[PDB]
């Protein structure tokens, strides 16, 4: 419906600071003891006039457990209030139905769900939406298909606020990392042997091409021992020079079927590696994760136009796995931006 003029940017974290814990109010004491039960929560959110909504970064926490739905599609299950859970999803352009099944699993114990939904719009702006008293709930188990847009929540009661981010029985949940590096690998060209690699630049390429789906947004987390520059479909996304502080990016304007991620990474001397995690959202509400591994292509002398999407990859080798995230010399302590 809308032209997307947003361009790749530094990733913007969704925060919980304005969000509220909600439950049903079966106990009128907020943060009070509640029965073992499952309860539904719904909120129809519409885009401000003239803007189209594209995708969302979501952080959700629960006491005790939750299932998160968008426009009837299950996008995540999780549990716990000490640390939020990160979710990413593509959106309909003008309205989106968010639905959460929350579960209290311990008798006589508090119950609640808290979520923050950072919507990104076609024009490059964003707005956060939160769980609060405007959500609808029921003092009963969730009806069949409670999460589908076709269910009528007109006669549902309002959710009851259990507490605020900074004033609740739970205290403020810690934000999770935007994406895990656990699961990815430090990779390099195969001249990386015995713990070091030659001085110089190396290039890496990964193409994602699900021709029967519509890709919407990508989130990228990347770090390199020494420095890198990152490209998507030939356009520059960003660059960094730290292997202890990782960078996160949002790509809001993906091509619908074919996207090439390319990295020029440089070694100043000593050990070398590049590591990344990429999440792509699809318009059917599914996602896929890509990590640096041996399915990337790599080359030791970088050719002109190493970044364009459709170059000939003859003479590119499979990238070498230096080690899974955590290996020496870099270890497991990478600083990762908050989701």
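Residue numbers count along the first chain shown, from 1.
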Comparing 112-120 with 187-195, where is the mean C-alpha B-factor higher? 187-195
Between 144-152 and 202-210, point out the one with the higher average CA B-factor as the PDB entry records it. 144-152
Based on the PDB entry, the highest CA temperature factor among the options 163, 269, 177, 171 is that of 269
Top Cα B-factor in this entry, restricted to 279, 49, 60, 275, sits on 49
Residue 296: CA B-factor among chain residues, third -> middle
Name the third of the chain's ranked CA B-factors that contains residue 259, choosing lowest, middle or highest. middle
Name the third of the chain's ranked CA B-factors that contains residue 12, choosing lowest, middle or highest. middle
Which third, lowest, middle or highest, does the CA B-factor of residue 25 fall in along this chain? middle
Against its chain's modelled residues, does residue 309's Cα B factor rank lowest, middle or highest third? highest
